[PDB]
Amino acid sequence: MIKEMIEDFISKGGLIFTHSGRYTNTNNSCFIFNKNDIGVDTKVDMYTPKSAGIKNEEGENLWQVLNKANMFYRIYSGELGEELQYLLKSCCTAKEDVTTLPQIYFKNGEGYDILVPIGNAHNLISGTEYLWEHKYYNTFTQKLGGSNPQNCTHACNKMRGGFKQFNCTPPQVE
Amino acid sequence: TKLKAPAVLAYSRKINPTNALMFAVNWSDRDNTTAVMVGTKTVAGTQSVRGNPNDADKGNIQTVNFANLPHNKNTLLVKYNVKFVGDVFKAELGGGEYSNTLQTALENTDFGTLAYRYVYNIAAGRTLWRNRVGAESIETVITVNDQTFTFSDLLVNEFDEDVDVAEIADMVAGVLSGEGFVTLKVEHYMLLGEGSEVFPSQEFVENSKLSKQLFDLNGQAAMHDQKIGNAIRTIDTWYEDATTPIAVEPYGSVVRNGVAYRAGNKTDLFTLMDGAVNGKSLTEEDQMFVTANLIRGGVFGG
Amino acid sequence: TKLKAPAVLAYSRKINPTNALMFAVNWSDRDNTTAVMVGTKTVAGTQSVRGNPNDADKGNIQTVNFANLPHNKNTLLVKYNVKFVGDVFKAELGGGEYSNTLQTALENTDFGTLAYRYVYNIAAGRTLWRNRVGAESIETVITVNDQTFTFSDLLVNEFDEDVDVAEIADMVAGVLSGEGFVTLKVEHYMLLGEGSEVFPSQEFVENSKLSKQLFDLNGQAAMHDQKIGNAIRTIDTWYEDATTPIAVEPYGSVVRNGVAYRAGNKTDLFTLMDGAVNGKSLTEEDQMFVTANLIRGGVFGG
Amino acid sequence: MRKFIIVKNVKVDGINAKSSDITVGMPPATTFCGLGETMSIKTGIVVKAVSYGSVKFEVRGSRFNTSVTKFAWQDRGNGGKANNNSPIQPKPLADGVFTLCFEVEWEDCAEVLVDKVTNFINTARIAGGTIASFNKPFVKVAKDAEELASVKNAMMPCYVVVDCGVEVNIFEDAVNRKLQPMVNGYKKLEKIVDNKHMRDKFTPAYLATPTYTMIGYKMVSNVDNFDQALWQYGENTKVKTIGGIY
DNA sequence: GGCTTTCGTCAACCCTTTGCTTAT
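What counts and how
Residues numbered from 1 in each chain as written, not as in the entry; some residues may be left out. Chains lettered and ligands numbered in written order. Part of a larger assembly, values for the part shown. Heavy atoms only, no water. Residues with missing side-chain atoms left out of burial classes, pairs and counts. Helix = DSSP H or I, 4+ residues; strand = E, 2+ residues; numbered from the N terminus. Rg over C-alpha atoms; globule rule 2.2 N^0.38 Å. Buried < 20%, exposed > 50% of the residue type's maximum accessible area, 1.4 Å probe, protein only. Contact = heavy atoms within 4.5 Å. Areas by Shrake-Rupley, 256 points an atom, 1.4 Å probe, with all protein chains shown as cover. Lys, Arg positive; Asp, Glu negative; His and termini not counted. Charge placed at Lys NZ, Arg CZ, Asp CG, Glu CD. Pairing = 2+ DSSP bridges. Nonpolar A, V, L, I, M, F, W, Y, C, P; charged D, E, K, R; others polar. Salt bridge = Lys/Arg side-chain N within 4 Å of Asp/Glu carboxyl O. Expected span 1.5 Å × (residues − 1). Arc of directions from axis to C-beta. Near = heavy atom within 4 Å. Polar contact = N/O pair within 3.5 Å; in protein donor to acceptor, adjacent residues only side chain to side chain. Disulfide = S-S within 2.5 Å. Buried area = accessible area lost by both parts, 1.4 Å probe. Least-squares fit on C-alpha atoms. Patch = residues over 30% accessible without salt bridge, like charges linked within 9 Å, V, L, I, M, F, W, Y side chains within 5 Å. Axes fitted to C-alpha atoms, helices over the stretch in contact; angles between N-to-C directions. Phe/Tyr/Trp six-rings, centres within 6.5 Å; stacked < 30°, edge-to-face > 60°. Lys NZ or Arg CZ within 6 Å of the ring centre and 35° of its normal.

Regarding how it was determined, this PDB entry cites cryo-EM in its header, along with a resolution of 3.18 Å.

What follows is the structure, given as structure tokens:
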């Protein structure tokens, strides 16, 4: 029922995004969809308030059926019709909340440019899946959201085992 | 004029403590500084969990980190630095017609009393916490720049007037009110006993091997720098029905005791700050509290 | 209706032994202390397991850690210090309107008898466990501050009345019922015999080659501080159908026997603690039990 | 002529290890480049290139879980919630010892540079840390290519990172090439229109995400060059080494 | 007319367990 769960999504709230600051601070609610990085293995993300939604009577909500087997690229190209295309594209919009968000200066070469780094959704879910399935073990684990992972995103709500971060420890002398 | 707050008003940490470093020395010869080794101890006890009485005939096996003095040395040496920076009324995020008018509303606090209760917690030894209990003698050596200060017996609860805490307090207050750094190389000695247990900061982790993980730097025991900072800012005796000093927080809260002493009674940091910017007559204590939080810092979202 | 325990609540340890170091001396020359070193013994045994009767003609080779007195020394010296820390009802975690209405509840508890059973368990020598069996005569010395008390032969399970244990009991219960600390540097002499088998606490080892790994700091035979502290708090003679003193666990738990003596009979720590908070008075031997657990410490709320 | 001022054994105490949402550990080259540019703003000495290192570094925590820093209740209108604990957002901390090298055009004496640096390092934080004790700064020069490498050898007991280049992405090049990522820059997604709640108001504001490069921690005396270990800003907001990919 | 407290809603994992380099 991937047409029903879209009118669901949009009604509850619905913000598909491939970049957010909810992975940094859960008090954030800033969501941007980048048009230029959607690739064949790009894992897209979504958010509704309290991560609300209905399943597909097989146990999976919108997020896992949209992450499974490039279904987001399938709809985004238009292989499942143009009536799902405009719904998915009107789902992906913009949101701006620099609150709770790190703000650093970066040079433009002849001046400065105040820059807010937010997390990547494809990088997080794709890194968890790949560094679990090729068994990379020099790494960390971070559960985003705390004891209620339905707050941050939908990826948070589903992957409650914890997102994987690279262990960036350098060598120590002596 | 309703000088309403910015979205996030962010102040830097003006006390800048470092991690304490736990060493084992003797009381007489305080020069063979050997590191306090964090060890790995596996225990056998019993379950003893609330409402689980049908598992109480079983045991629990818990691997814990332990840090003890070696049984040739009888004094725990705690070494950290405390860097009092003063740029107190300068904001990282925000600041204009809210931080400047707070600066010209907080310009007449007793910075000497704030620096006094700041230095006293480093001098009475509140940075040791459970290292301070059971010690026969807690002699602390504070080395401000080319000026060695020593303290050996201070009541940690009551800020009794000393003549050498106040001398450090003058230069720390002059830096806090003005600019610069008056960094406190601080040396703690506790006559605990031969082979007594020392108590480093425990890491809030999710360790599968260990049930209690102690903070270790290279393997040597250590205490957290924010733990030391929480000890230094434990100055607040200006809340309702004050008994003991607590850490200055935006709501005067300790999450360990499960009670907030400065919330729900219009005495929180944001209410007093809002009164200060729109124009009120703050008393000396709740003005000292607001500038103590400004030295503490923190994002003031809302 | 009822005042409940906080979900975060814990008490700190108020009897803090050091890890005992176990030395070899003579009975008459007690100041020639050599170190009982833990060595490794590989033993040829016989396979005798309750399930397998077919592999019973084979014999297992298990390497174990041993500890013996040297053959020129006939007395095991067990040296440790016991730190009795005060502020018993001052909870480390929590402490809002449940650790304070229980301090006033256990305000008339018999701290003197609790301290007598503690220092009696250090003075009869129950903190030696298996080290006492087959000893011709025991002699423990407890050197409390600028004093020295010697107890040769005391009954173990019977808390008999003698005046020097009462003196150390009074000066400990002037700390347990109040504030501060008191330390007991305890030395345990057992005339075991020349070359006799010495029993340390053996470590918990998982997937190790040794079938028995004894505790050691730098090679010396040693007993765990928790093993001493368990035997100090073996004071509970107030459980249902009491015949022997057990350790004051919250459920009266003995993991050796595999039964909890205070679970199910509504005489555990949590039901009596909730009753003491919610109005209901306790027996003197039950008040002793709950404040003995507060001396012991633990997560007392969930 | 290259004037390399090297500070050693900088015990930074409280480094927030979250360099990105997938990288936790050593602070990136953007951190040290920002520190050099902070020294350029605060004092005035124009640093065009910066190196760093690792005498010691431990991210505090377990093997796969960092230490969760407890959060103070710091938010307006959150006073009824302050009796319980506070929700904690991911912020790992790390405590390590750094060596650092700067490339500064000072064209002046060397005993006044050291101090236009010691009066900054005492008031600066290396990625949110607290600089406990650092060895005395010493200025060294480089005339030829081997004089420079008498400086690489001078910031010793340490592991300077070298840019090793991203092949296809970071996850493919971490398990095939035994290597680790690091934020080497940021990519501008959108433009922030609400400058009322920003750091400066006037500087143009962009939303961004990290872009990563992979790095290798070669001991500095085992590195053939040192221009391959001297990080500097680039064009499309990308910090890079002058010697490029190792 | 916001506004600030408190209670009511909405959930559901699969985990792994040292080297990164390795000194002028």
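From this point, the discussion proceeds with the structure in view.
Q: Just checking my understanding: could you explain the overall build of chain A for this structure?
A: When you go through chain A residue by residue, the secondary structure sums to 6 helices and 9 strands. The globule rule puts the C-alpha radius of gyration for 174 residues at 16 Å, and the 17 Å found for chain A is close to it. Dimensions of chain A, computed from C-alpha atoms along their principal axes, come out at roughly 60 × 40 × 30 Å. For chain A, the residues scored as buried account for 55% of the 174 residues in total. Pairs at least 24 residues apart make up 64% of the contacts formed inside chain A by residues separated by at least 6 positions. When the accessible area of chain A is evaluated, it comes to approximately 7,500 Å², of which 49% is carbon and sulfur surface. Within chain A, the 19 negative side-chain charges are centred at a point lying 5 Å from the centre of the 17 positive side-chain charges.

Q: I would appreciate a short explanation of the sheet that holds strand β3 (residues 31–32) of chain A in the present structure.
A: Strands pair in a sheet through their backbones, by hydrogen bonds, and they do so in one of two ways: parallel or antiparallel. Residue and element names in this part refer to chain A. In space, the 3 strands of this open sheet follow the order β3-β2-β7, with antiparallel pairing throughout. Two strands in the sheet have a free side with no partner beyond their single neighbour: β3 and β7 (119–120). Two elements, strand β2 (residues 19–20) and β7, share 2 bridges in a ladder whose sense is antiparallel. Note that in β7 the partner of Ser20 across the bridge is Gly119.

Q: Hey, could you run me through the interface of chain C and chain B in this one?
A: Where interface size is given, it is often the accessible area lost as the parts come together that is meant. In this complex, chain C contributes 40 residues to the contact, which on the side of chain B involves 33 residues. Secondary-structure elements contributing two or more residues to the side of chain C that touches chain B are β7 (75–85), β10 (181–191), α3 (225–232), β14 (259–260) and α4 (269–277) of chain C. Across the side of chain C that touches chain B, the residue classes tally to 19 nonpolar, 15 polar and 6 charged.

Q: How do you make sense of the arrangement of the chains when you look at a structure like this?
A: The structure contains 4 pairs of chains in contact, of which chains A and D account for the largest number of contacts. Across all C-alpha pairs, the smallest distance from chain A to chain C is 15 Å, and the two are not in contact. There is a gap between chain C and chain D: no contact, and a shortest C-alpha distance of 9 Å.

Q: Explain the pattern of salt bridges here, please?
A: With the rule as written, the count across this model stands at 31 salt bridges over all chains. Across the pair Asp113 of chain A and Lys188 of chain D runs a salt bridge, and its minimum N-O distance is 2.9 Å. Linking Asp113 of chain A in strand β6 (residues 112–117) with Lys188 of chain D in strand β8 (residues 180–191), this pair reaches from one chain into another. Note on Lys188 of chain D: relative accessible area 27%, which makes it partly exposed.

Q: Just to check I follow, could you spell out helix α3 (residues 165–177) of chain B for this structure?
A: Since there are 3.6 residues in each turn of an α-helix, residues three or four apart along the chain are aligned in direction. Residue and element names in this part refer to chain B. Compared with an ideal rise of 1.5 Å per residue, which puts 13 residues at 18 Å, α3 spans 18 Å between its outermost C-alpha atoms and is within 8% of the ideal. Turning to α3, its buried residues number three or more, namely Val165, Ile168, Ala169, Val172, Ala173, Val175 and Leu176. End-on, the buried residues of α3 take up no more than an arc of 160 degrees, which puts them together on one face. For α3, the secondary structure elements touched by its buried residues are β7 (75–84), α2 (111–123), β8 (138–144), β9 (147–151), β10 (184–190) and α6 (284–296).

Q: Would you mind showing me how to read the protein's contact with DNA strand E here?
A: The environment of DNA strand E is made up of 37 residues, and the closest members are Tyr137, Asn138 and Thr169 of chain A together with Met219 and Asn222 of chain D. A share of 46% of the atoms of DNA strand E within 4 Å of the protein falls on sugar and phosphate groups. Residue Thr141 of chain A places a side-chain N or O atom 2.2 Å away from a base oxygen belonging to DNA strand E. Take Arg63 of chain D: an N or O atom from its side chain is 2.2 Å from a sugar or linking oxygen of DNA strand E. At the level of elements, β8 (139–142) and α6 (154–158) of chain A together with β9 (205–219) of chain D are the ones that each hand at least two residues to the surface near DNA strand E. Taken together, the residues that form the surface near DNA strand E break down as 14 nonpolar, 15 polar and 8 charged.

Q: Would you explain the state of the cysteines in this entry?
A: What is meant by a disulfide is a covalent connection between two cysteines, made through their sulfur atoms. Enumeration according to the criterion identifies 1 disulfide over all chains in this entry. Bridging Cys152 of chain A to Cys156 of chain A, the disulfide has an S-S length of 2.0 Å. Between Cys152 of chain A and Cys156 of chain A, the S-S torsion sits near -125 degrees, and that sign places the bridge as left-handed. In this structure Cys152 of chain A comes out as buried when scored by relative accessible area, which is 0%. Take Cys156 of chain A: its relative accessible area is 1%, and that puts it in the buried class. Here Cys168 of chain A stays free of any disulfide, with the sulfur of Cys164 of chain D as its closest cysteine sulfur at 13 Å. What makes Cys168 of chain A buried here is its relative accessible area of 2%. According to the relative accessible area criterion, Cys164 of chain D is buried, its value standing at 11%.

Q: Honestly, the interface of chain A and chain D in this entry has me stumped. Any pointers?
A: On the side of chain D, 60 residues touch chain A, which itself brings 50 residues to the contact. With both sides pooled, the region where chain A packs onto chain D buries about 5,300 Å², and carbon together with sulfur makes up 60% of that total. Considering only the surface of chain A that becomes buried against chain D, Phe106, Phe166 and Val173 of chain A emerge as the three largest contributors, covering 13% of it. Those elements that provide at least two residues to the side of chain A that touches chain D are β5 (104–107), β6, β7, α5 (121–133), β8 and β9 (163–168) of chain A.

Q: How do you make sense of the relation of the copies chain C and chain B when you look at a structure like this?
A: Mapping between the two chain copies consists of a rotation about an axis together with a translation along that axis. Placing chain C over chain B gives an RMSD of 0.7 Å and needs a rotation angle of 48 degrees, together with 16 Å of translation along the axis. By residue overlap, the copies meet through two different surfaces: only 2% of the interface positions of chain C are interface positions in chain B.

Q: Explain a nonpolar patch on the surface here, please?
A: A contiguous nonpolar surface patch, about 270 Å² in accessible area, is contributed by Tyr105 and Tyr112 of chain A together with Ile41 of chain D. Of note, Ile41 of chain D is situated in helix α1 (residues 29–42).

Q: Explain unusual backbone geometry here, please?
A: For residues that are not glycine, phi is negative in most cases, and the peptide bond is trans in most cases. Its identity is not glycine, yet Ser48 of chain B carries a phi of approximately 60 degrees, on the positive side. Within the secondary structure layout, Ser48 of chain B lies in the loop between β5 (38–44) and β6 (61–68). Positive phi outside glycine occurs at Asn207 of chain C, with the angle close to 55 degrees. One can find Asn207 of chain C in the loop between β10 and β11 (216–217).

Q: Which parts of the structure should I look at to understand the sheet that holds β8 of chain A?
A: Across the sheet, 3 strands lie side by side as β8(A)-β9(A)-β2(D); this open sheet has mixed pairing. Two strands bound the open sheet, and with one partner strand each, they are β8 of chain A together with β2 (23–25) of chain D. Adjacent strand axes in the sheet meet at a mean angle of 40 degrees when their direction is disregarded. As defined by bridge partners, β8 of chain A adjoins β9 of chain A across 4 bridges and the pair is classed as antiparallel. Bridge pairing in β9 of chain A places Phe140 of chain A opposite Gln165 of chain A.

Q: What is the right way to read the side chain of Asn78 of chain D from this model?
A: Along the chain, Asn78 of chain D turns up in the loop between β4 (56–59) and β5 (93–104). When neighbours within four sequence positions are excluded, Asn78 of chain D is seen to be in contact with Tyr251 of chain B together with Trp73 of chain D.

Q: Sorry if this is basic, but what is going on with α6 of chain B here?
A: All names here are of chain B. Under the 1.5 Å per step criterion, the end-to-end length of α6 is 18 Å for 13 residues, consistent within 8% with the ideal 18 Å. Burial analysis of α6 places 11 of its 13 residues in the buried class, the great majority of the element. When we look at burial in α6, the residues that qualify are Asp286, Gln287, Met288, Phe289, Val290, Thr291, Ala292, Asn293, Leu294, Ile295 and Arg296. Where α6 terminates, the next one or two residues include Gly297, which has phi positive at roughly 90 degrees.

Q: Just checking my understanding: could you explain the packing of aromatic side chains for this structure?
A: For any pair of aromatic rings, the description consists of the separation of the ring centres together with the inter-plane angle of the planes. Under the defined criterion, the tally for this structure stands at 29 aromatic pairs over all chains. The interplanar angle of 15 degrees and the centroid separation of 5.4 Å between the aromatic rings of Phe72 of chain A and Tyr76 of chain A together place this pair among those described as stacked. Residue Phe72 of chain A and its partner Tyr76 of chain A are located together in helix α3 (residues 71–77), separated by 4 residues, close to a single helical turn. Between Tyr136 of chain A and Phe166 of chain A, the ring centres sit 5.9 Å apart and the planes meet at 50 degrees, which makes this aromatic pair tilted. On the criterion of sequence distance, the pair formed by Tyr136 of chain A in the loop between α5 and β8 and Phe166 of chain A in strand β9 is long-range, its members being 30 residues apart. The two residues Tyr136 of chain A and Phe166 of chain A agree in class, both being buried. Cluster of aromatic residues (ring-pair linked, three or more members): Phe17, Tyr23, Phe31 and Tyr47 of chain A. A cation over an aromatic ring shows up here: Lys164 of chain A above the ring of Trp132 of chain A, its NZ or CZ 4.2 Å from the ring centre. We note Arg30 of chain C situated over the ring of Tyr189 of chain C; from NZ or CZ to the ring centre the distance is 4.3 Å.

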